[PDB]
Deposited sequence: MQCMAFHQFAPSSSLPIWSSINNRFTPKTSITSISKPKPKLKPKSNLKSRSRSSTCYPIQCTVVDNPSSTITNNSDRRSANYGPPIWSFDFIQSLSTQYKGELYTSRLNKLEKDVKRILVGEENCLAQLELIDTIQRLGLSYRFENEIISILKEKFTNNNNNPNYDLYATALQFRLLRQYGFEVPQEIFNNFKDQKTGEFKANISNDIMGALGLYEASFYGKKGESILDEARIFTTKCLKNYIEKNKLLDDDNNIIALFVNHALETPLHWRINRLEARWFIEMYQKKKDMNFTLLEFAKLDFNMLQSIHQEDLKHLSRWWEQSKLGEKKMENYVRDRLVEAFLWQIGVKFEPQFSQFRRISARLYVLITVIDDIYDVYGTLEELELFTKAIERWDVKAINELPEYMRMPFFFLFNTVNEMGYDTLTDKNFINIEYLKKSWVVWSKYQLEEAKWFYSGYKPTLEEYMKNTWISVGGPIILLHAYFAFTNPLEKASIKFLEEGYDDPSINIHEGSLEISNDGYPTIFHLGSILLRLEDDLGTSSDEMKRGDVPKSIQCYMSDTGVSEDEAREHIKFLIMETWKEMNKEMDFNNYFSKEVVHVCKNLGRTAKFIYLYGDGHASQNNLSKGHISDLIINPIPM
């Protein structure tokens, strides 16, 4: 994973011949989708296409088809429910009373219906007890089917394992796309043109991602802050905003993921309280003349953060005629203040309750910084709503809290007090039980975020995507093969 390794990343799936073929396949698959008269087969086609990762190329077509579905068995009712819930349509949670007497026992015999219900249950908003009942009962059903039944050629078991590992609603698009492209060839029903379009689009998107990663790699190399978690930060852009036209975002946002990651280490690892006070006060002053005051090893990271954030502010001034450097500076100020508070906790030995830890850490996790950059990237700030707003977003709180809880559930073994240990302090439980409670808190935050709709909110749909994908990518990252799957090697066409 050296610098020359990343710069040597290349692939054939780029150019005008491939782009013409991609548009050909795009229109072919578009007419295949719009042409299917069978309502249920059309819903299954929608699900197949979106699991191939191509949902970003048929948004309006899929929404128009689903404005036609506004008899079915459990798998079909669950698929329709999930696809309607996904695109902002209102279908009641109580459409599953048709499958109860609690839930019907024969659903255990209906393995595919149980899997569809499991997938649909994770779209449950807060207060939808029927969908949580479905979640629990279907998790039981699927674990039972897995225990009941080494075969490389058994699709039902592989799908059940994949869903138990992480449901559709929580998995990032690129990982699910690669896995389902691999799986779709094992179907006896598969469409060859659909698979060809999936492969080609995934490969061209992988080429765009390779170029973005090489860009970020050159940027971090000329930082000379390695003479080093670069690709870990770009995996975040693969999980957050994978679509092509968001190249620049991926190239710039990743820097935040780098910078945060670096400066956290200055706080949680290398910094005495005097030097951390100096660093935080230099960020608060935010002046290129405050660099003499910092110790020698702190000048370079602070100077680089200064230049990078000012470059982002200039990007906003040049793309949207707006001066947001004040707000980026303020976000880094608040982040640095809460990081310094955590450093004081570490030195003084403070072990807070879970309440204090949760009130604190969702800000110092880096969430608000990334989300403010995304806001200024996908929101017109010359509008009235923006100018009024800048004087806190619930969706940002939920996204940053999902980020924090996933980070802690991933890094508690390697790096350990965090959330699990604070809960072990408050209530007296073993680490297993506290990890389970943190998982429950994650699921509660998810079902609360399912209320914030995607496509028509106070914020742009891209910002809602960035928040929910912050959550999903946090779940994915902390959870070498598949990094190479997504970034390095194309799908063999």
So which bits of the deposited chain never got modelled?
1 to 86, 157 to 163, 195 to 198, 247 to 249, 328 to 335, 500 to 520, 546 to 550, 614 to 625
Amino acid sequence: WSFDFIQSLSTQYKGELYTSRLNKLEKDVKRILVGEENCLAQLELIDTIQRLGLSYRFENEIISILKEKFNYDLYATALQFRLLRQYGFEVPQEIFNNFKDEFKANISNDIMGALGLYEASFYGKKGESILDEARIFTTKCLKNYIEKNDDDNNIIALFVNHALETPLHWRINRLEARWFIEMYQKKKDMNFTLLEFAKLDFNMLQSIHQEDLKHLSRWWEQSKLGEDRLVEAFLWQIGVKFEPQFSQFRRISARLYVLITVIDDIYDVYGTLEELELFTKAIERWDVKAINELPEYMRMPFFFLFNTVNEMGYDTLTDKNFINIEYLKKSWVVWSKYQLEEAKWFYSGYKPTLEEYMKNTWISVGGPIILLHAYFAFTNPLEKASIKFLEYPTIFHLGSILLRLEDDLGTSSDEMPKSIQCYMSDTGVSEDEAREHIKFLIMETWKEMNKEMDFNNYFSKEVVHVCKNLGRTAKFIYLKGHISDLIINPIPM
From here on, numbers count along this sequence of modelled residues.
Check the entry's C-alpha temperature factors for 303 to 311 and 120 to 128, then say which stretch has the higher mean.
120 to 128
When the Cα temperature factors in the entry are averaged, is it 110 to 118 or 213 to 221 that ends up higher?
110 to 118
Tell me which of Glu243, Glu182, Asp151, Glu277 tops the list for C-alpha B factor in the record.
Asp151
Which has the highest CA B-factor per the PDB entry: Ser386, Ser419, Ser331, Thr166?
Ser386
For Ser55, does the deposited CA B-factor place it in the lowest, middle or highest third of the chain?
middle
Rank-wise, by C-alpha B-factor, drop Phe440 into the lowest, middle or highest third of its chain.
middle
What third of its chain's C-alpha B-factors does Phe459 belong to: lowest, middle or highest?
middle
Please place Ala198 in the lowest, middle or highest third of its chain by C-alpha B factor as given in the entry.
lowest
Sorting the chain's CA B-factors, does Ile46 end up in the lowest, middle or highest third?
lowest
